[PDB]
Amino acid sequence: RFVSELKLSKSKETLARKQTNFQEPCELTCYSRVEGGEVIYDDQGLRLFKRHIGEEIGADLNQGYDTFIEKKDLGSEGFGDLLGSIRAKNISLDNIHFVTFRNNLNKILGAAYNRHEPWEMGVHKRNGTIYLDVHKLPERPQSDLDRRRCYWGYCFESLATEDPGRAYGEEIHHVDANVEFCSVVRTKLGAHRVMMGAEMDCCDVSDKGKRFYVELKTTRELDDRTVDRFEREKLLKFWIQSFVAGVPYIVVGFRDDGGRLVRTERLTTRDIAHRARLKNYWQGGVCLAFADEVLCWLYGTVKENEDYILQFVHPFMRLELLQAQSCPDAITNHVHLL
């Protein structure tokens, strides 16, 4: 059942000196999951950023919690939508090395520094393309308080975006976490071409007419006991996620323990990595060099028509590739339709 491992052997100093090519990400298509659950291969669902979000300081992020519609775990069925959109737009996978939700790339890049948060994904090579399938590890069921905390983030996204149907002084209500927009993005890390689905929070448009995505995050306001993890861990995760999909801006809402919005930051993805490198908190290049080793190892080791699990678990000294017992139907069906 153990197939191969990759040891976190190289020092960061090794990797920090290493230059890794990364193709500027390019959107090829997109899709929207609308209320009720229908997926449409267009941008209906893409929200516009509210530039004056900074004027909403004091907002109660609890507003509308009692009419919130919580998100459904769809699994590899959700991956079927991404794959469907790729087929529909005539994006050729013939020489694409990896196809995945962005979530799995976040995990691979993050493993250069992450030594506490385990993960697993499915690995399924078909017709020369490795499909990475998100796996959720077993977790205790969420309490209402946990749900309320997650809702504060959804509430912030609604506050930070334009809604033409929202009347003057109208509160946020009937937020539905099942409505989402996904960008299907092309890139290449080192020698390996990648197609990914990236869930995008909203967009804005430049003075010169260019559309770009903005990521919207919510987190607890900082204190002496939490600031280190924010600088070293949270901001690294935010940078990874935006960088790999070519997202240039991240707007962060800071909330208190009651759910009131107390502060906002409008960050530039490039600037986050710049500050971190100067402070020697972390280096983006280390993540890219590490990820390049991972993808090389996978493409070198993963067999055509096989099913594996790739995991990163305690003690976080190696990635482990294990033999798996099945393949998601979303993937099988996609391959048949090709």
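Numbers for residues come from their place in the sequence shown, where the first is 1.
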Worksheet, complete the sentence: Taking the deposited Cα B-factors and averaging over 39 to 47 and over 64 to 72, the higher mean is found in 64 to 72
Worksheet entry | Greater mean Cα temperature factor according to the PDB record, 228 to 236 or 141 to 149 | 141 to 149
Item to complete: Report the option among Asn305, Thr269, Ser32, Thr29 whose CA atom has the maximum B-factor in the deposited record.
Response: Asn305
Worksheet entry | Candidate residues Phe101, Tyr168, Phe254, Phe243, the one whose C-alpha B factor the record puts highest | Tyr168
Practice prompt. Grab the CA temperature factor for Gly84 from the record and place it in the lowest, middle or highest third of its chain.
Written response: middle
Fill in: Relative C-alpha B-factor of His116, binned into the chain's lowest, middle or highest third
highest
Item to complete: Sorting the chain's modelled residues by C-alpha B-factor, tell me whether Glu215 ends up in the lowest, middle or highest third.
Response: lowest
Worksheet, complete the sentence: The third of the chain into which the C-alpha temperature factor of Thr129 falls is the middle
Practice prompt. Tell me, lowest, middle or highest third: where does the Cα B factor of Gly190 rank within its chain?
Written response: middle
